[PDB]
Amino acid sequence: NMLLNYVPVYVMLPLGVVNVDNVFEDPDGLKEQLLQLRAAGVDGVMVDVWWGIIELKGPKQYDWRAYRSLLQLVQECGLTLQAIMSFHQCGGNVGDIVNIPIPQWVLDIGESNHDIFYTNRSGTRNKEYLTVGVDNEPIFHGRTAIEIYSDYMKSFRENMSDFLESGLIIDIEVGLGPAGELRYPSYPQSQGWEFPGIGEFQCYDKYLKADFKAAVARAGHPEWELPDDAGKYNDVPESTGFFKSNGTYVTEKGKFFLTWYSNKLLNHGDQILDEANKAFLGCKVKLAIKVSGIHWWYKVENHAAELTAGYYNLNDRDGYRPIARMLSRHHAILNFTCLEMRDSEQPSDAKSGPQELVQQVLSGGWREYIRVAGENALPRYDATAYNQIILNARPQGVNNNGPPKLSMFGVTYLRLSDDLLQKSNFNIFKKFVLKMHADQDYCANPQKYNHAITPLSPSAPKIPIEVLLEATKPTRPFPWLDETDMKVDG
């Protein structure tokens, strides 16, 4: 059945649907837009549940009213919802319309303790998210950062108990860093970064510096210090001592730092997912995380952009499969991106390989037997972009006698706006939805398209770091079709 080949399509809501004052401003305008999405066959929508809005009043002071109103409207429209536990800042760069910083009471603490923020070698602090260095430091009026995220999700589960009961919310995406992604804020626009800069390492706050200092001493190398020859945000690999040919990144010291640096993210995600499993135990929802798509410099030996981000990915070291294996124990979904990008669309000087990157991440996930979903990186309204998404949603096409050989769990499109609703753009979008649905009409019963809806089970036993790292062994990705068999046109 083509219904077994049906992949659900979700649409990201406009930023600030619930404003910084914690008010659901334009119910009527959003409703008009949602009714049209529903008419296009869209399965559901996605929304950031901003930490900066909900717990703004003060510690453990949660106001869910406006959001409950938003969820009530989504339900009345007959759409499902993907909720992002957004523990990061919204916008923040010159040009961003909607700016939602993390809670002010947290920023106040930051004023007297600048090390709660991610920090570069030059000492600049990024206030968009709390460094992994304070995940377990009880410096937030008694609570650790992880306890903050844990109490937040629990209050959400309790206050949204009816919506979770009704099956409105189908999955909870746990924000794990800048832009909600599990990574270091290595390419900040606010600090001058410009594509395709290699970015900078962000492990200099006192907490991680002490962490690294203890780690090297145990390795019997107290003389090793954090990186000092990595260059800056906009440099290119070969112009640095760390990333150039036979540079520091290939030394015993370099490889130890990179392993230490990337492991912090694996554990950061594992610990926080543990709390999410506890918070949502028994609810009919799936957990998920967002992995960033660093496609620039993917084409060269150093993979510099990925390394400073926290993904220790090299020609001979799979830096992504270990993340998938970590997600295994939580039965979580790996939400990726760059689904609409083609290498031909990137400037050659960027040494960009989004197509190859998507293939590696998706293949890794499927090898670890977890679900993989994804989004488009940049706004696109053209057929060429949609065809690439459809290709990635079912790499080996449709299967006439059963579910597809390979297929993403779902796709979330960025982003709902009036431009998407313009006649020309919308008519192409409607075709994209149809194709993602394998030429079938919207279907309300997930069973019809192989999406088992079950109560969240407790996490499986902890997987030791060394076992997770066995997944760094290089493996050939699954073969991909060159062009999809379900083009929006022919």
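For every residue, the number given is its place in the sequence shown, counted from 1.
Higher mean CA temperature factor, per the PDB entry, when comparing 418 to 426 with 40 to 48: 418 to 426. The deposited model assigns a higher average Cα B-factor to 135 to 143 than to the other stretch when 135 to 143 and 368 to 376 are compared. The PDB entry gives the largest Cα B-factor of the residues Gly192, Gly353, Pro395, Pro185 to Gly192. In this structure the maximum Cα B-factor among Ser348, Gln82, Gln89, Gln72 is found at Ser348. In this PDB entry, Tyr67 carries a Cα temperature factor that places it within the lowest third of its chain's modelled residues. The PDB entry assigns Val20 a C-alpha temperature factor belonging to the highest third of its chain's modelled residues. Placement of the Cα temperature factor of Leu307 within the chain: lowest third of the modelled residues, per the deposited record. Ranked by C-alpha B-factor against the other modelled residues of its chain, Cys443 falls in the middle third.
Compared with the other modelled residues of the chain, the Cα B-factor recorded for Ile54 ranks in the middle third.
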